[PDB]
Every structure is written in C-alpha cells, then in structure tokens.
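Engineer: Just passing along the structure, written as structure tokens.
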Amino acid sequence: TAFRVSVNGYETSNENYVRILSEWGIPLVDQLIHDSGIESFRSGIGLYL
Amino acid sequence: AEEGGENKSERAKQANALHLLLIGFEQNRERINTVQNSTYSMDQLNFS
Numbered sequence: 387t388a389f390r391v392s393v394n395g396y397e398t399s400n401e402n403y404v405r406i407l408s409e410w411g412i413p414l415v416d417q418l419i420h421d422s423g424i425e426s427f428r429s430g431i432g433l434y435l
Numbered sequence: 146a147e148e149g150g151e152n153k154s155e156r157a158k159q160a161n162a163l164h165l166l167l168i169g170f171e172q173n174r175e176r177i178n179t180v181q182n183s184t185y186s187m188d189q190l191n192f193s
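Chain order of the listed sequences is A and B.
In terms of the UniProt record's numbering, the first sequence is residues 387 to 435.
In terms of the UniProt record's numbering, the second sequence is residues 146 to 193.
This is the structure in structure tokens:
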C-alpha cells in the first residue's frame, strides 16, 4: 500500500497506537477494513439473495 | 588484589567482567526490570 508504518519499541503498544494513527490517520483504516473482506461478504450474500 | 589486575588472564578476565558487571548491575539497577526486557530511549533516558 501507500503507507510506511514503522513499529518501534520506543513507545508502548497503546502509545504506538496513538502515534501510528496520528501519523497517518483514518485513510490507513480504510485499507484495514477493505482487507478484512467483511464488506465483500455483505455484497456476496446480498447479491445471491 | 589477588590477581594483581583485571585483564591479566582468563581467570582475571572473568573477575573483570564480574567486577564491572556487578558494578554495572548495582550502578544502573534502577534502569533494569526483573523479567521483561525494558525498552527505553533518549527522551525516556534524558540523552541530549
């Protein structure tokens, strides 16, 4: 993808969670949900029914 | 005193590391946790 998320021990998981999200923001989450495949599942079953 | 030096032999070497490791262990015991491998940084350790 178009992200360079770097995970480091400089901060805790929550602090990295705050830092990582603050660095990039919501657009990173859009890819996360897209990769989850849940949206495709809704279209799949919906298309069939 | 017995060895007359810290790095004068392999036996003395073990004392040298032990002498400095024990000195190191006691000097910086407040920066060391028990089990979990502590992670720090310049900001977290005040290094300029």
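Just so it is clear, CB atoms sit at the ideal spot from N, CA and C, and this is done for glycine as well.
Quick one, are the C-beta atoms of A:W410 and A:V391 less than 8 angstroms apart?
Structural biologist: Yes, the pair counts as a contact, with Cβ atoms nearer than the cut-off.
Engineer: First and last residue of the alpha helix (DSSP H) that includes A:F427?
Structural biologist: Counting along the chain, the alpha helix (DSSP H) containing A:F427 begins and ends at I424 to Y434.
Engineer: Please classify B:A146: does DSSP put it in a helix, a strand, or coil?
Structural biologist: coil
Engineer: Give me the Cα-Cα distance between B:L165 and B:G149, rounded to the nearest whole angstrom.
Structural biologist: 16 angstroms
Engineer: Using 8 angstroms as the limit for Cβ to Cβ distance, is B:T179 near chain A?
Structural biologist: With a threshold of 8 angstroms between beta carbons, B:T179 makes no contact with chain A.
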